[PDB]
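A quick write-up on the structure given underneath.
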There are 2 protein chains.
Amino acid sequence: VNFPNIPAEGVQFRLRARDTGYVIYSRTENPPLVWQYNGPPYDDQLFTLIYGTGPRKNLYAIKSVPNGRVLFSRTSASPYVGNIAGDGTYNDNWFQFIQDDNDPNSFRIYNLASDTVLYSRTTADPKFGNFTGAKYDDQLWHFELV
Amino acid sequence: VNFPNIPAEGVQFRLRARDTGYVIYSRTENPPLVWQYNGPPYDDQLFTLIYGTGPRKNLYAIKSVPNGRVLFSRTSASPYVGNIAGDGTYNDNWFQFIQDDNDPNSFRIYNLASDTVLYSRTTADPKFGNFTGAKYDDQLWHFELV
Ligand SMILES: CC(=O)N[C@@H]1[C@@H](O)[C@@H](O)[C@@H](CO)O[C@H]1O
Ligand SMILES: CC(=O)N[C@@H]1[C@@H](O)[C@@H](O)[C@@H](CO)O[C@H]1O
Ligand SMILES: CC(=O)N[C@@H]1[C@@H](O)[C@@H](O)[C@@H](CO)O[C@H]1O
Ligand SMILES: CC(=O)N[C@@H]1[C@@H](O)[C@@H](O)[C@@H](CO)O[C@H]1O
C-alpha cells in the first residue's frame with residue numbers, strides 16, 4: 001500500500017529514518033554526495049517531491065531544495081545512491097513510498113527501476129545505501145515537515 | 001523484491017493461485033470477461049508477457065493468447081479487473097510481479113497505477129478481484145508453464 005501521507009508537491013521536508021533518527025542529505029561537493037547525517041539542520045537535508053504522472057503515477061522524484069538535483073538509486077554503477085540535475089530525467093530517479101506492513105506511520109523509499117529500498121543503520125559499512133531483499137526496520141522512513 | 005523467475009518475453013503460461021488452485025481466464029464474450037476458473041485447461045487461460053522498457057522497466061503487460069487483449073486492474077470503474085485491446089496503452093495495463101516475503105516460489109500480481117494486487121478466494125463475493133491493503137495468502141500466484 002502506498003504511504004497515505006505523502007507531502008503535497010513542493011512542500012519541504014527532511015527524510016528521517018525511524019530507528020537511527022538520521023536524515024538524508026543531498027549535496028554537490030565532497031563525496032558521498034548523498035548519505036545519512038546525525039547533527040545540526042543543514043539546507044542540503046531539505047527536499048520536495050515532483051509528482052509522477054502517466055507511466056510515473058504513484059512515483060515521485062526527490063528534489064533538493066538548495067541545489068535542485070534529484071536522487072537516484074541504482075545497482076549498475078557507483079555511486080549506487082546519488083543525485084543528478086533535472087526533474088527526473090532518468091528512470092532510476094523515480095521512487096514509490098510504500099507503507100510498512102506493520103507500522104502504518106513509516107514507509108520504504110522504493111525504486112522501481114532498480115528494485116531497491118534505501119536504508120539507514122548504525123551497524124555495518126556501508127551504513128547508508130540501497131538494498132534488494134527482505135524487510136528490515138532500518139529501511140523505514142518518515143517525512144519530517146519543516 | 002521482484003519475482004526472480006518471470007517467464008521470458010513471449011513464453012506462454014497460466015496464472016494459477018497458490019491456495020485455491022484456480023486459474024485466471026481472459027475472454028472477449030460473456031461477462032465476467034476476466035475471472036477465476038476451477039476446471040479443465042482452455043486457451044483463454046493462456047497468457048504471455050510484454051516486457052516493459054524505459055519507464056515501464058520491471059513492469060509487464062499480460063496478454064491473452066487467443067484474443068490478444070491485455071489485462072487491466074483498476075479501482076476507478078467496474079469491472080475492476082478486465083481486459084482491453086492493445087499492448088498496454090493505459091498505465092493500469094502494467095503489472096509488477098512481487099515475490100512473497102515468506103514463500104520464494106509465489107508472487108503478487110501488483111498494479112502500480114491502482115496500487116492493487118489480484119486475489120483468488122473461495123470465501124466472500126467477489127471471489128476473484130483486486131485489492132488495496134494488507135498481505136493475504138489468497139493474493140499468491142504461480143506461473144504455470146505450458
Ligand atoms: C561543515 C560541514 O561541512 N558540514 C557538512 C554540511 O556541509 C552538510 O553537508 C551536512 C549534511 O547535511 O554534512 C556536514 O558534514
Ligand atoms: C547481515 C547484514 O548486514 N544484514 C543487513 C540487514 O540488517 C539490513 O541492514 C539490510 C538493509 O536494509 O542489509 C542487510 O545486509
Ligand atoms: C476513458 C476511460 O475510462 N479509459 C479507461 C482507461 O483509463 C483504462 O482503465 C482502460 C483499461 O486499461 O479502460 C478505459 O476505458
Ligand atoms: C475483511 C475481509 O473480508 N478481508 C478480505 C481478505 O480476507 C482478503 O480476502 C482480501 C483479498 O486479498 O480481501 C479482503 O476484503
Side-chain angles (χ1 to χ4, degrees), chain A residues 12-47 53-55 57 64-67 69 71 73 75 80-83 98 100 106-111 114-141 144 146, chain B residues 1 26 28 33-34 50 56 59-64 68-95 101 111-116 118 130:
Chain A
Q12 301 188 3
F13 55 84
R14 290 190 159 80
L15 288 164
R16 193 180 298 272
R18 189 195 74 176
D19 289 353
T20 62
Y22 304 165
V23 301
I24 303 178
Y25 70 82
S26 184
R27 65 190 190 207
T28 64
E29 301 182 340
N30 300 342
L33 299 181
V34 180
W35 205 253
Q36 64 184 18
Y37 186 69
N38 178 22
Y42 279 87
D43 281 4
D44 66 9
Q45 300 156 13
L46 300 175
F47 299 98
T53 58
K57 179 180 174 57
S64 164
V65 169
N67 64 61
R69 297 192 181 168
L71 298 183
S73 181
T75 60
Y80 298 118
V81 184
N83 59 36
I98 306 171
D100 185 62
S106 65
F107 56 89
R108 291 180 171 78
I109 301 169
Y110 177 74
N111 193 278
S114 61
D115 191 30
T116 59
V117 301
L118 305 184
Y119 70 84
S120 168
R121 64 193 186 209
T122 66
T123 54
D125 298 314
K127 293 184 172 79
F128 171 86
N130 63 6
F131 178 76
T132 302
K135 297 191 198 321
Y136 292 94
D137 288 349
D138 68 13
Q139 303 162 4
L140 296 175
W141 299 89
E144 182 172 283
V146 297
Chain B
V1 181
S26 180
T28 57
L33 302 184
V34 177
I50 301 173
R56 286 157 291 271
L59 304 179
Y60 306 88
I62 308 168
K63 200 177 174 82
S64 161
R69 290 184 182 187
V70 296
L71 297 179
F72 67 76
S73 182
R74 66 187 178 201
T75 56
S76 50
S78 287
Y80 299 114
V81 184
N83 54 33
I84 194 158
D87 303 317
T89 299
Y90 303 98
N91 60 14
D92 68 14
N93 300 162
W94 294 91
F95 293 89
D101 302 277
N111 194 279
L112 182 63
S114 62
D115 192 26
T116 59
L118 302 184
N130 61 9

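Counting starts at 1 for both ligands and their atoms, in listed order. Below, chains carry the letters A, B, ... as their sequence lines are ordered, and counting in each starts from 1.
There is no protein heavy atom less than 4.0 angstrom from atom 2 (C) of ligand 2. The presence of a protein heavy atom under 4.0 Å from atom 11 (C) of ligand 2 is confirmed.
Of the candidates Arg121(A), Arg108(A), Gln139(A), the one placing a heavy atom closest to atom 14 (C) of ligand 2 is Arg121(A). Of the candidates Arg14(A), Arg27(A), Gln36(A), it is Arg27(A) that places a heavy atom closest to atom 5 (C) of ligand 1.
For the pair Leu15(A) and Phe47(A), the tightest heavy-atom approach, listed with the atom from each and the gap, is CD1-CD1, 4.2 Å. Taking every heavy atom of both residues into account, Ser106(A) and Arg18(A) meet most closely at OG-CD, 4.1 Å. Residues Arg121(A) and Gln36(A) come closest through the heavy atom pair O-NE2, 3.2 Å.
The protein non-hydrogen atom at the shortest distance from atom 4 (N) of ligand 3 is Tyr90(B) CE2, 4.5 Å. For atom 15 (O) of ligand 1, the closest non-hydrogen atom of the protein is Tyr37(A) CE1, 3.7 Å. Looking from atom 9 (O) of ligand 1 to the surrounding protein, the closest heavy atom is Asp44(A) OD2, 2.6 Å. With hydrogens left out, the protein atom closest to atom 8 (C) of ligand 3 is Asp92(B) OD2, 3.3 Å, a heavy atom. Remark: minimum distance from atom 13 (O) of ligand 3 to any protein heavy atom is reached at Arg74(B) NH1, 3.1 Å.
Ring-plane geometry between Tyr25(A) and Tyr37(A) is classed as perpendicular, the angle between the planes exceeding 60 degrees on a 0 to 90 degree scale with a lower cut at 30.
Contact annotation: for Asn93(B) versus ligand 3, heavy atoms closer than 4.0 Å belong to the side chain alone.
Atoms of ligand 3 found under 4.0 Å from any heavy atom of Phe72(B) (numbered from 1 in listed order, with element): 11 (C), 12 (O). Against a heavy-atom cut-off of under 4.0 Å, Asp138(A) is close to the following atoms of ligand 2: 8 (C), 9 (O), 11 (C), 12 (O). Applying the 4.0 Å criterion to heavy atoms of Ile84(B) picks out, from ligand 3, the atoms 10 (C), 11 (C), 12 (O), 13 (O). Against a heavy-atom cut-off of under 4.0 Å, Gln45(A) is close to the following atoms of ligand 1: 11 (C), 12 (O).
At least one side-chain heavy atom of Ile24(A) sits less than 4.5 Å from a side-chain heavy atom of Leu118(A). Contact annotation: the side chain of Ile84(B) never approaches that of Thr89(B) to less than 4.5 Å [non-hydrogen atoms, C-beta and beyond]. Contact of the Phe131(A) side chain with the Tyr136(A) side chain is registered, since non-hydrogen atoms from C-beta on lie closer than 4.5 Å. Under the 4.5 Å side-chain criterion, counting only non-hydrogen atoms from C-beta, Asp87(B) is in contact with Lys63(B).
Here's the thing with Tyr25(A): none of its N/O atoms is less than 3.5 angstrom from an N/O atom of ligand 1.
Under the 3.5 Å distance criterion, with hydrogens and angles disregarded, no donor-acceptor pair is assigned to the side chains of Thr28(A) and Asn67(A).
Panel note: side chain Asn111(B), backbone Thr116(B); no donor-acceptor pair is recorded below 3.5 Å.
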